[PDB]
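Below is one structure, written out as structure tokens, with a few remarks after it.
With ideal geometry, Cβ positions are generated from the backbone for all residues, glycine too; neighbour counts draw on all protein chains shown. Each answer follows from the model by the rule given with it, or from the source it names; nothing here is a laboratory result.
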Amino acid sequence: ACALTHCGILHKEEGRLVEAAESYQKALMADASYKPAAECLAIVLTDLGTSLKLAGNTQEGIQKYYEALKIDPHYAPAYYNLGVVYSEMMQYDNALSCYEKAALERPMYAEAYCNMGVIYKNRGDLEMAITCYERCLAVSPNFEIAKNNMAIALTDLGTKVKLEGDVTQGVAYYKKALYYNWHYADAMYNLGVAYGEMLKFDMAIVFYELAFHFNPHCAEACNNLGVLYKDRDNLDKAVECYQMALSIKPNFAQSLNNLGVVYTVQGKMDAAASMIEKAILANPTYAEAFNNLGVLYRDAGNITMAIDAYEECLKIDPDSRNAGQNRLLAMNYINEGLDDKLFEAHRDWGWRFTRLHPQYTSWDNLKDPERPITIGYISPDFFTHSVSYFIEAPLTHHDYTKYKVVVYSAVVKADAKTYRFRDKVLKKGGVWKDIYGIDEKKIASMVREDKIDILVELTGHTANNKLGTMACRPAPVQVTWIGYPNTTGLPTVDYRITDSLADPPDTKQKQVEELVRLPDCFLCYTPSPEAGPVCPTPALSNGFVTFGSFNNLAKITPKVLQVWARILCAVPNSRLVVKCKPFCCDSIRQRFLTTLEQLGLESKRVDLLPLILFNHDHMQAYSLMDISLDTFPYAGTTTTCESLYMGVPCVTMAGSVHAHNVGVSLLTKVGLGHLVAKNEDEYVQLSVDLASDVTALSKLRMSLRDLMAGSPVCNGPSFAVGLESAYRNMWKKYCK
Amino acid sequence: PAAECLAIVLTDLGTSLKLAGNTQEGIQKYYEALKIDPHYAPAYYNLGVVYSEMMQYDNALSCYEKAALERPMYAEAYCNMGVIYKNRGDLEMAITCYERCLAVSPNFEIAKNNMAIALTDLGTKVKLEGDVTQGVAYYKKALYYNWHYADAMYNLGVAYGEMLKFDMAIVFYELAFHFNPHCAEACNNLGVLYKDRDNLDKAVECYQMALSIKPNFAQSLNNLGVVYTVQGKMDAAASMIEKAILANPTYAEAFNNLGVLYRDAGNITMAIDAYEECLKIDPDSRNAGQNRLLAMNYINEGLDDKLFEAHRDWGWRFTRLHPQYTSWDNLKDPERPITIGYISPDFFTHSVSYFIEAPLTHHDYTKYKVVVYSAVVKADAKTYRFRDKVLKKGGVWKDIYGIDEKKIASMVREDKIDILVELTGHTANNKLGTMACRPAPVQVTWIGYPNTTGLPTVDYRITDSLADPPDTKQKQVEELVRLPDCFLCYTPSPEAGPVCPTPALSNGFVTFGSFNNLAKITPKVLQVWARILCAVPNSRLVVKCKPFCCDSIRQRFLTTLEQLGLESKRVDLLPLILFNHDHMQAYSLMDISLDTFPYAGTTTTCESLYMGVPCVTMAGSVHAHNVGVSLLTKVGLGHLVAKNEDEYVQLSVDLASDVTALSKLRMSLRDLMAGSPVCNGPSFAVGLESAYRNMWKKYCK
């Protein structure tokens, strides 16, 4: 048997398997119990079966493997090959059983463990497959394919666990996946998004960049990265990121929408329109694209089409918060108080939102009417924003020994003014909380944990508002004040602060909040220290009066254009300068000029200026004009204050709604009530009267800065006293 | 407008003159421009550049400061200020200048890169001060502006290694290499991390790469030498460590590793020399001191008091820099469930196991509650068998691998251990530092070391009256407690298999053999074995030592034997056998076991006697020498204990002269031992229990 076995081995080494197999079979006939001849015969039979498999004789291979296992069951590789055959024909139970038996006979044959793991993974049993790979690597820790499959399974498991809400375990699984494969793009991208979701943007960026580096075709990573840079106001990088995403996936609807948004912010209106329309074509059910289209139309002054786009969004997504709030905001630009339809719409939206949220019902605030009071101001606008020019007044002038100030800053990107506010608040003993990216319900929990007395929301239905916090009713008194000129539609909001001129006692505009009228002006402008000097009246050097307006375009309704055309026709050799951010786009400028021409006014006189992002020169630009014409039915607020502070008389119009009467309030309280028109005809008459005299106009210009500084509009202390008294009255009301 | 245009043209003229080498004329034209326009920033930028070129950094700073004041949107000026401050060492002002630069120009790639550099240097500084978390934060901020800044990734790897986040450290070292393949340090650290995970092949790859980048990297040379030592490539390890020593003569750890290699290779004298060099470089090197003591134990006949002096000195100093406890809440009760902790890292298939298993198997739990402190690095079926055996009887098993020593002592205190028994000694991965803390009221050493521990804090050493006779002259430290019977209870494995027929009966020649490790086979034992083999016609010696896997050691030993008068053909050198069964069966290859001196076998002698291979031993004046005397006498073979080399030779010749008697004795030896006190588990358990009780009584008194 020994000689026959060695002859068979020698024949096998030459690959002449047939005679070797015959020799081994003869040896088995000579001495069956010779277990080494049996082992060699099983080996040769398995080699024959493998050759037959590779030759396509799969059934003959099966037969040879069964023969081998009849000769030497212990021969694990025959079980391995049988398992492979069972797997290819999808007999997964037979395959797994064969692999398990092979692993019993040979527990160090890693490749079987890997194949079991792969098969189980294809069946969605990620945990079992992972265990199989783990034991495989316990047998051999360098086997590549097994490391790669372990990384894949770990990433799939981390994603599965994360979608169940355990973000931390998902992150741990992704980190382990990168341990088994440090250049697995999927793991990196998943980590990037998990980190981004948990307010860790720097790491998120690094991860998205790595994911793109290792997998250039991860268009999703480029899109996400562009979004993250956009939120950091690095618009150029966002532009490149989205362009790359579209170079990999031209029809990537998300990149189309996001790039459209970025173009909208930059004022490139035509490009924004084109990209959002492409997004709609790519995904007709992409509601957010409709919302962004509505925003684009609103900024371009096409309010009707903006409302239509928001309505399309709300038919596609009834719960779209952004569409509803932007719709209400857009309606505020054109609906003058005649029909109580806007108020009903706000009420209906508020009832829907109050259904979408369960508020609190009790408060632990000690009901002492005379104790000090904790006032929280909550807003995303504690940066260089219009609202910032007014909230600065109370933050500086509160008596902090009686009204403890808490600031909830949701500012996406701080700046020197945010830091200035925090420094003032902290130096006077106030709490400052940055709450960007924190769930609204967690905001409500925080507000309740901070024991606030009066919560003042300053945003209303504008961008990045926190009305979800207000719906929880975390505080015992909720107020809106300056960010929005109409009712918010929240029954949980108790009061809206105004004055007796913005909302006369006989106002017919219905609102849910009780109006709190301050004795003076409800606004206290804090002038920028960079305002610089007043320039001489241009009329003295140009000989002609230049009217102007630095309001937005959504506020300049066709009717305003008609009235301005009447003004310019009634005053020979006069000019109009209009500065707004979307004039950069040539198409919008052209439509605006054509609209003015249709009213019979020669475009040449009209100077349309785009926006120049520079505070000092932005404020100094009022040296280019002589008389500001306010817009209606949405009066200016900050623009009127800036005009007055520069010495430029500003003519406003009175109407039936708060947004219309804000200009009346400011002008009357600064002492220029003779510049408040009641109707379009008086508006024209007042403008002509101002234009007819230039020396008195120059004296007025030279006096206006000092007049305003001496007025209630700049009397920070008096405003603070009045506002504190109002708050105390609210508190006493609460105690009763 | 004319003044502005003239200033512009004069500045262009000055720049051309500078590029033409007329630097002073350019400076003069720039000053003329600044007289025509004190606000023309480009002139200020030029002045700053030239002032830097002449290394007049203060004027450059002042000029770029006027440039900042005139207009706050000169990104280049802020960048240049940051570079200048970085050059002066100040990183705060540099960071601030770069921050302004990025505040006016965010996408300024140069300013991002320089900000990343400065942030990484600052993180390194802050980390060097102690605050590692802030260092990590600075490195992450660096990876924000330069996500591919390899140095930030490497330094993160370092910090995570210090933080013990080994998986993240691996990832960050691999990324560091990917973004900078010249970072040989990253390669080295990655390999180290992989070695610590018992993945030797990857570690070797990493070190070979580190050396392919930096051939004279001393650290990588040392680490690769160590890895080859673990793999047993003696010559390779030697060469590597020698190169490391040549690259850095103050790399103490390289000397320690060289000493370990020499000791494992049996070259004890030069191993001692290497440890002395290490202790010359670092005097508190725990590893060098303990390896030195262990190595001295292999060749030191009791003819001096230098070994005891060295042990006492080392122990004294060690304890000196070592806080310890001073009070115990252990109830002073002589009739209670005294808690006895056994602490050791070698519970797996190790020589000690074959003896410590006996008490674990036969120990009255209802009186001496046993707690096990297993510091095993890698467990196995035998570890699990021991854990199960202890547990099913009510013992407490605690795995303590990878826990700080002081925390081990604290845990022992919370565990209310009464008698703490250290079973390791001056070997490797010992916990003698825990013993120095004296966490338990009684400290005992028994089987892990054959000589004094030198620590005064250890109270007792377990022995018998044969290994350490009452009149022994060896001065030690601990109090000798002599058990009545053999201090050892061997429990044979269930893999010993049958005793086979006598070799001398079938092969026609007597074969001597030894399974002791090579470190114990001192030349003085080779000469004696050569005399034995010359005295016995047609004799064969079989030696199986690990280091023989390397052919160099085999050749050297064969040459040494040939120089002594023994034909190398007459010498059978066997390497390590992979499996237990056949390794144990290898006792069929010899007729007589030869014990070594001045360090006898312990486990090997018991194995030789269990397989039927009569053993000849030598008496001496040290425990390690007399262990063989203890075993043979207690088995009943005291007539096989020589008193001198001449008696050793005579006994070996006599045993070889009567093949018949040898065969009979071997056929009887297994049952003789099974009936002997060596295999009388109950009697040993009773003796050890009585000894513990006596120790406790002494303590309470």
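Against the definition (within 14 Å of another protein chain (Cβ to nearest Cβ), more than 24 Å from A:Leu228 (Cα to Cα) and part of a helix (DSSP H, G or I)), how does A:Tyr179 come out, yes or no? Yes. Annotation: of all residues in region A:239-272 being part of a helix (DSSP H, G or I) and touching a residue at least 40 places away in the same chain (Cβ under 8 Å), the one that is surrounded by the most Cβ atoms within 10 Å (Cβ to Cβ) is A:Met269. Considering A:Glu19, A:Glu14, A:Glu60, the condition of being without any contact (Cβ under 8 Å) to a residue 12 or more places away in the chain, closer than 22 Å to A:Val85 by Cα and among the charged types (D, E, K, R) is satisfied by A:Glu60 alone. Taking region B:30-40 as the range and being part of a helix (DSSP H, G or I) and under 17 Å from B:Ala67 (Cβ atoms) as the test, the residues that pass are B:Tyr30, B:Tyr31, B:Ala33, B:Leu34, B:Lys35, B:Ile36.
Each row is one residue, and each column tells you yes or no for (1) part of a loop (DSSP other than H, G, I, E, B); (2) assigned by TED's automatic domain parsing to the domain that holds A:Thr640; (3) within 32 Å of the chain's Cα centre (by Cα); (4) basic (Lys, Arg).
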position	(1), (2), (3), (4)
A:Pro529	yes, no, no, no
A:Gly548	no, yes, no, no
A:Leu568	no, yes, no, no
A:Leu576	no, yes, no, no
A:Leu593	no, yes, no, no
A:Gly600	yes, yes, no, no
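State all residues of region B:447-473 that are over 21 Å from B:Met673 (Cβ atoms) and more than 30 Å from the chain's Cα centre (by Cα); if no residue qualifies, say none. Residues satisfying the conditions are B:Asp468, B:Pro469, B:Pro470, B:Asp471, B:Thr472, B:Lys473.
A:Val295 satisfies every condition listed in (1) within 14 Å of chain B (Cβ to nearest Cβ); (2) closer than 19 Å to A:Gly324 by Cα except (1). Among the residues of region B:355-381, those identified as in contact (Cβ under 8 Å) with a residue 12 or more places away in the chain and in a helix (DSSP H, G or I) are B:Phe355, B:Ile356, B:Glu357, B:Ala358, B:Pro359, B:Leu360, B:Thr361.
Residues of region B:122-151 that are surrounded by 16 or more Cβ atoms within 10 Å (Cβ to Cβ), of a type in the set (D, E, K, R) and over 21 Å from B:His178 (Cα atoms): B:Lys127 alone.
Residues that are assigned to a loop (DSSP other than H, G, I, E, B) and more than 20 Å from A:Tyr634 (Cβ to Cβ) within region A:578-591 comprise A:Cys584, A:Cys585, listed in sequence order. Of A:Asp439, A:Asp453, all but one fail to be touching a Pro at 6+ places or on another chain (Cβ under 9 Å) and of a type in the set (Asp, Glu); the exception is A:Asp453.
So that you can scan it fast, the table gives a plain yes or no per residue for (1) in contact with a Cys (Cβ under 9 Å, 6 or more places away or on another chain); (2) surrounded by fewer than 20 Cβ atoms within 10 Å (Cβ to Cβ):
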| position | (1), (2) |
| --- | --- |
| B:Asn188 | yes, no |
| B:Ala218 | no, yes |
| B:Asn222 | no, no |
| B:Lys233 | yes, yes |
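Of the residues contained in region A:718-732, none is found to be in contact with a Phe, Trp or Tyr (Cβ under 8 Å, 6 or more places away or on another chain) and either under 29 Å from A:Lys581 (Cα atoms) or loosely packed, with under 15 Cβ neighbours inside 10 Å (or both). Residue count for region A:638-666 under the criterion of being under 22 Å from A:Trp481 (Cα atoms), assigned to a loop (DSSP other than H, G, I, E, B) and out of contact with any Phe, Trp or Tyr (no Cβ under 8 Å at 6 or more places or on another chain): the result is 3.
Condition check ((1) under 28 Å from A:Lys736 (Cα atoms); (2) of a type in the set (D, E, K, R); (3) touching a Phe, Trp or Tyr at 6+ places or on another chain (Cβ under 8 Å); (4) in a loop (DSSP other than H, G, I, E, B)) across all residues:
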| residue | (1), (2), (3), (4) |
| --- | --- |
| A:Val411 | no, no, yes, yes |
| A:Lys417 | no, yes, yes, no |
| A:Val425 | no, no, yes, no |
| A:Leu455 | yes, no, no, no |
| A:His461 | no, no, yes, yes |
| A:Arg473 | yes, yes, yes, yes |
| A:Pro485 | no, no, yes, yes |
| A:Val493 | yes, no, no, yes |
| A:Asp503 | yes, yes, no, yes |
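Note on region A:619-654: among residues that are of a type in the set (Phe, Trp, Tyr) and farther than 18 Å from A:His385 by Cβ, the one that is surrounded by the fewest Cβ atoms within 10 Å (Cβ to Cβ) is A:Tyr622.
Every listed requirement among (1) assigned to a helix (DSSP H, G or I); (2) more than 40 Å from the chain's Cα centre (by Cα); (3) within 14 Å of chain B (Cβ to nearest Cβ) is met by A:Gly117 save one, (3). Looking across region B:156-169, the residues that are part of a helix (DSSP H, G or I) and either more than 11 Å from chain A (Cβ to nearest Cβ) or of a type in the set (A, V, I, L, M) (or both) come down to B:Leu156, B:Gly157, B:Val158, B:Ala159, B:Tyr160, B:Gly161, B:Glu162, B:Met163, B:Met168, B:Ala169. Residue check: is B:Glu76 touching a helix residue (DSSP H, G or I) at 6+ places or on another chain (Cβ under 9 Å), surrounded by 19 or more Cβ atoms within 10 Å (Cβ to Cβ) and of a type in the set (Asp, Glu)? So B:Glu76 fits the description; yes. The residue of region B:332-356 that is surrounded by the most Cβ atoms within 10 Å (Cβ to Cβ), among those that are over 26 Å from the mean Cα position of the chain (by Cα) and more than 12 Å from B:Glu422 (Cα to Cα), is B:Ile338. Here the condition is being within 14 Å of chain B (Cβ to nearest Cβ), under 28 Å from B:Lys202 (Cα atoms) and in a helix (DSSP H, G or I); of A:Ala103, A:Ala129, A:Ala153, A:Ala172, it holds for A:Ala172 alone. B:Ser493 falls short on exactly one of the conditions (1) among the small types (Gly, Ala, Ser); (2) more than 26 Å from B:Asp304 (Cβ to Cβ); (3) buried (at least 22 other Cβ atoms within 10 Å of the Cβ), and that condition is (3). State whether the residues of region A:208-227 include one that is free of Cβ contacts under 8 Å to residues at least 40 places away in the same chain, within 27 Å of the chain's Cα centre (by Cα), within 14 Å of another protein chain (Cβ to nearest Cβ) and closer than 17 Å to B:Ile170 by Cα. Yes, that holds for at least one residue. Of all residue pairs spaced 6 or more apart or on separate chains, none has beta-carbon atoms under 7 Å together with a first member in region A:284-302 that is on the phi < 0 side of the Ramachandran plot and not assigned by TED's automatic domain parsing to the domain that holds A:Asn251 and a second member that is surrounded by fewer than 24 Cβ atoms within 10 Å (Cβ to Cβ) and among the β-branched types (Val, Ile, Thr). Among the residues of this structure, A:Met203 does not count as one that is buried (at least 21 other Cβ atoms within 10 Å of the Cβ) and in a helix (DSSP H, G or I). Can A:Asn542 be described as within 21 Å of A:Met619 (Cβ to Cβ) and touching a residue at least 40 places away in the same chain (Cβ under 8 Å)? For A:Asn542, the condition - within 21 Å of A:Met619 (Cβ to Cβ) and touching a residue at least 40 places away in the same chain (Cβ under 8 Å) - is not met.
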